[PDB]
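Both ligands and their constituent atoms are indexed starting at 1 by order of listing. For reference, positions follow the sequence shown, starting with 1.
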Amino acid sequence: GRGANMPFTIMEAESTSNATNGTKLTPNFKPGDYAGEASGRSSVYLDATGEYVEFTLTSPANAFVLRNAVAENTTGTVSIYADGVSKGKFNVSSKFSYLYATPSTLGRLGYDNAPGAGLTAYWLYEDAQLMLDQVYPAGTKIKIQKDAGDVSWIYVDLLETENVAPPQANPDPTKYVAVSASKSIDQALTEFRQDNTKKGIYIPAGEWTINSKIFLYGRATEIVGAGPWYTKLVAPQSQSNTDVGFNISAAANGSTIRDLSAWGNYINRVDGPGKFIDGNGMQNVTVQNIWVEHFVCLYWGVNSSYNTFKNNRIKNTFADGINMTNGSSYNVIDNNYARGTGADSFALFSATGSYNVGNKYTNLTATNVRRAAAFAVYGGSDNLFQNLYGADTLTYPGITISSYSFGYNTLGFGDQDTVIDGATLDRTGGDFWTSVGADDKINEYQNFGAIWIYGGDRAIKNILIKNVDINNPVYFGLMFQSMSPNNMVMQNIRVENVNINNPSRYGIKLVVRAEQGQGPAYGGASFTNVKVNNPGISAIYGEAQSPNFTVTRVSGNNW
Ligand SMILES: OC[C@H]1O[C@H](O[C@@H]2[C@@H](O)[C@@H](O[C@@H]3[C@@H](O)[C@@H](O[C@@H]4[C@@H](O)[C@@H](O)O[C@H](CO)[C@H]4O)O[C@H](CO)[C@H]3O)O[C@H](CO)[C@H]2O)[C@H](O)[C@@H](O)[C@@H]1O
Ligand SMILES: OC[C@H]1O[C@H](O[C@@H]2[C@@H](O)[C@@H](O[C@@H]3[C@@H](O)[C@@H](O)O[C@H](CO)[C@H]3O)O[C@H](CO)[C@H]2O)[C@H](O)[C@@H](O)[C@@H]1O
Ligand SMILES: [Ca+2]
């Protein structure tokens, strides 16, 4: 296991270890398709009473997350069985899935929630969470089965299984003011602020409304739940796109929020509001073991430094999972799991405080990225991305490495290495933008490899990509491209110990002409022990057509 170490186990419904009398979808890479949008690009379709998928626990479990697709505008159930005995019902719904666009307007992915004439549905999968009153042992047969009264049809994509500890009590009621049936989050924080013996607030097991942005000020604040399966912060679900969560004022730098879940009411992307945590320039804040869904982002840092995001679960958001921008340095984004983000799952955007520096994105998992990349780094200096797992990108690379400025004021990459070290990227890449007049055309889109190295309008230099396994990328393993006419010379771009397995087109693509008016790459890159295995067409494309780009084959290359 590369990536996050999480207490839950993921099993694909379509796994060959699972008996089923339903319909296993043949894989594809199509957005807007129940196979293309599934984890592992396949799911099991249950379509008649009595159809099931039978999972086998490989670890003890009392709790489950079922990723699934149901019809638009429906809510209902699907049944769970343990060793042949019915044990309850998942609450399944398309309330948060189904976002509408057209193949030529994928720029709108995530923004537009209503069906319409000529619109195609995307973002088809969503999740149902269920805890059972018993810990079932490894080897237990857990059956997801469509019974009478359950939904008319359901695509079963994957199952999380987890052995959840009992909820933790208030660590000390004389130091943590408890949220109660009669005392709100806001009221407990007021009592906390006015009593200097309090370290913070404790939010018990339950469902607690967050209908506002809850401001943390006065001093560093501890916000402690009972555990993410127990303490549920819930945005009013009869409202939609309510900007709720926490806002950490500078006075509350050094705060900690942990051991709770937060359930937003966003049903489409909104730019501006919608981050669960607002923390304008916050420092030394710790966000740990929380589980957030249906917000625009978990957090969007702006000159936020020395913070720690650890052990979190970020699922089904409408834009980025975590992004750190405009000077955000020396942060610890460690051991977080992301599935179903609406833009770059984990991103670092360096702008203006010359650069984002000294950040460490470690032990990160980012799957089912419904737009943009699993991991993305835009400029910066001395930033480490280490032990990553990315898989199943709908429209973009597993890893984007870009010195494009997006019109903002940035210097690009700095004089110290941006390092990608230890990464597994399964079925990443996709289609986006347009390729009018493009060389190497296969469709109406630009086509993206597992890792995109993009020289934009700013310096593209000091990039180290090592110890990377790239499995069945949609199109390419590595994709190098320079934006014209800037033609920034790539320097100190090095690739070491990389395996690219069964790319449909090429192991490595030097983009010659992305679209009309665009040219080949400038500079070069070195390759050491880079193996390309079974490319659909050839190992490398574009070398003879890129006369300003020098491929250096140091050693160990089978191409
Ligand atoms: O899913 C990607 C991205 O989309 C949204 O953010 C948009 C943001 O990217 C930008 O749009 C583009 C730039 O990305 C850039 O794209 C050019 C493109 O025009 C194309 O010809 O080819 C190259 C690649 O070979 C692209 O880099 O530049 C153009 C024009 O300069 C921009 O329009 O700005 C738009 C709004 O103007 C954003 O919508 C999305 O929000 C974001 O989350 C996502 O990562
Ligand atoms: O309107 C809110 C702020 O706008 C400016 O800040 C931008 C950030 O909020 C952020 O916005 C992202 C947006 O560009 C797009 O990519 O969608 C993301 C997801 O919803 C947004 O978070 O990032 C931008 C790029 O760094 C910022 O320009 C103003 O500078 C700020 O004062 C406003 O409060
Ligand atoms: Ca699956």
Side-chain angles (χ1 to χ4, degrees), residues 10-15 18 24-25 27 34-45 53 66-69 105-111 125 155-159 243 266 268-275 278 280 295-303 317-321 323-328 341-345 347 349-352 356 367-373 376 378 391-397 400 402-410 427 430-438 445-448 452 454-457 479 481-484 511 513-518:
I10 301 263
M11 296 143 156
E12 298 295 344
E14 68 273 19
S15 164
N18 294 350
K24 182 154 324 182
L25 308 189
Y34 290 102
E37 294 208 4
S39 184
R41 312 296 180 147
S42 178
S43 55
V44 183
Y45 184 53
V53 184
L66 178 75
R67 195 183 198 247
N68 70 86
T105 58
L106 300 187
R108 295 303 294 167
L109 279 180
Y111 283 96
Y125 284 89
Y155 293 84
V156 180
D157 183 11
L158 60 75
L159 186 73
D243 188 19
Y266 278 87
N268 59 264
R269 170 160 175 180
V270 177
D271 294 329
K275 294 90 167 168
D278 296 317
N280 173 226
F295 289 87
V296 182
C297 312
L298 164 54
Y299 181 65
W300 185 290
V302 174
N303 201 216
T317 61
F318 292 86
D320 299 46
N323 190 4
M324 298 300 262
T325 83
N326 294 21
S328 300
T341 60
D344 293 325
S345 306
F349 186 94
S350 171
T352 325
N356 301 9
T367 67
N368 288 121
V369 192
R370 303 191 283 182
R371 172 196 184 145
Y378 306 92
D392 290 319
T393 49
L394 282 192
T395 66
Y396 234 41
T400 291
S402 168
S403 65
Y404 185 57
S405 81
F406 299 83
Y408 307 106
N409 173 233
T410 167
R427 307 172 300 277
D431 298 320
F432 209 73
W433 308 118
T434 52
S435 50
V436 170
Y445 302 100
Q446 288 174 41
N447 316 121
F448 291 88
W452 185 28
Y454 184 51
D457 44 2
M479 174 166 143
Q481 173 186 352
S482 287
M483 164 175 95
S484 305
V511 182
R513 182 176 67 257
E515 63 192 345
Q516 53 193 142
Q518 288 302 302

Look at atom 37 (O) of ligand 1 and say whether a protein heavy atom is found at less than 4.0 angstrom from it. no

Closest heavy-atom approach to atom 12 (C) of ligand 1 among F406, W433, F349 is made by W433

Does atom 25 (O) of ligand 1 have a protein heavy-atom neighbour under 4.0 Å away? yes

Atom name of the N, O or S atom in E12 that lies nearest to the Ca ion (ligand 3): OE1

For atom 15 (C) of ligand 1, closest protein heavy-atom neighbour: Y404 CE2, 3.7 Å

Residues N447, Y445; criterion side chain to side chain contact (heavy atoms under 4.5 Å, CB included); working and verdict: CA-CA 6 Å; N447 316 121; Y445 302 100; 4.2 Å; yes

Strictly under 4.0 Å, does any heavy atom of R108 approach an atom of ligand 1? no

Check against side chain to side chain donor-acceptor pair (under 3.5 Å), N326 and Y408: CA-CA 10 Å; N326 294 21; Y408 307 106; over 6 Å; no

Please check if the side chain of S402 supplies one atom and the backbone of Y378 the other of a donor-acceptor pair under 3.5 Å. no

Atoms of ligand 1 under 4.0 Å from any heavy atom of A372, numbered from 1 in the order shown, are 45 (O)

Taking only non-hydrogen atoms of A343 and a 4.0 Å limit, the atoms of ligand 1 in range are 43 (O)

Sub-3.5 Å N/O-N/O distance, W452 and ligand 1: no

Contact (N/O only, under 3.5 Å) between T325 and ligand 2: no

Heavy atom of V270, distance to ligand 2 below 4.0 Å: yes

Do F318 and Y266 have their ring centres less than 6.0 Å from each other? no

Just to the nearest 10 degrees, tell me the angle at the Ca ion (ligand 3) spanned by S42 O and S39 O. 80°

Considering non-hydrogen atoms of the protein only, which is the closest contact for atom 43 (O) of ligand 1, and what is the distance? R269 NH1, 3.2 Å

For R269, counting its heavy atoms only, list the atoms of ligand 2 lying under 4.0 Å from any of them. 15 (C), 16 (O), 17 (O), 18 (C), 19 (C)

Polar contact flag for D320 and ligand 1 (N/O pairs, less than 3.5 Å): no

Residue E515 vicinity, atoms of ligand 1 by number, heavy atom under 4.0 Å: 20 (C), 21 (O), 22 (O)

Would you confirm whether any non-hydrogen atom of the protein falls under 4.0 Å from atom 32 (C) of ligand 1? no

Could you tell me which atoms of ligand 1, counted from 1 in the order shown, lie closer than 4.0 angstrom to a heavy atom of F432? 1 (O), 2 (C)

Take atom 5 (C) of ligand 1 and look for protein heavy atoms under 4.0 Å from it; say yes if you find one, no if not. yes

Counting non-hydrogen protein atoms only, what is the nearest one to atom 27 (O) of ligand 1? Give residue, atom name and distance. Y454 OH, 3.8 Å

For ligand 2, is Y408 a contact, meaning one of its heavy atoms is under 4.0 Å away? yes

Between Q446 and ligand 1, which residue portion shows a heavy-atom distance shorter than 4.0 Å: side chain, backbone, both, or neither? side chain

Please check if a non-hydrogen protein atom sits closer than 4.0 Å to atom 20 (C) of ligand 1. yes

Geometric N/O contact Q481 with ligand 1, under 3.5 angstrom: yes

So, does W300 sit close enough to ligand 2 that a heavy atom of it is under 4.0 Å from the ligand? yes

Under 4.0 Å from a heavy atom of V296: give me the atoms of ligand 2 that qualify, with their elements. 20 (O)

Among the N, O or S atoms of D157, which one sits nearest to the Ca ion (ligand 3)? OD1

Suppose we measure from atom 39 (O) of ligand 1 to each protein heavy atom; which comes out shortest, and what is that distance? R371 NH2, 4.6 Å

Would you call the rings of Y454 and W452 parallel, tilted or perpendicular if under 30° counts as parallel and over 60° as perpendicular? parallel

Return yes if some donor-acceptor pair links the side-chain N/O of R371 with the main-chain N/O of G107 below 3.5 Å, else return no. yes

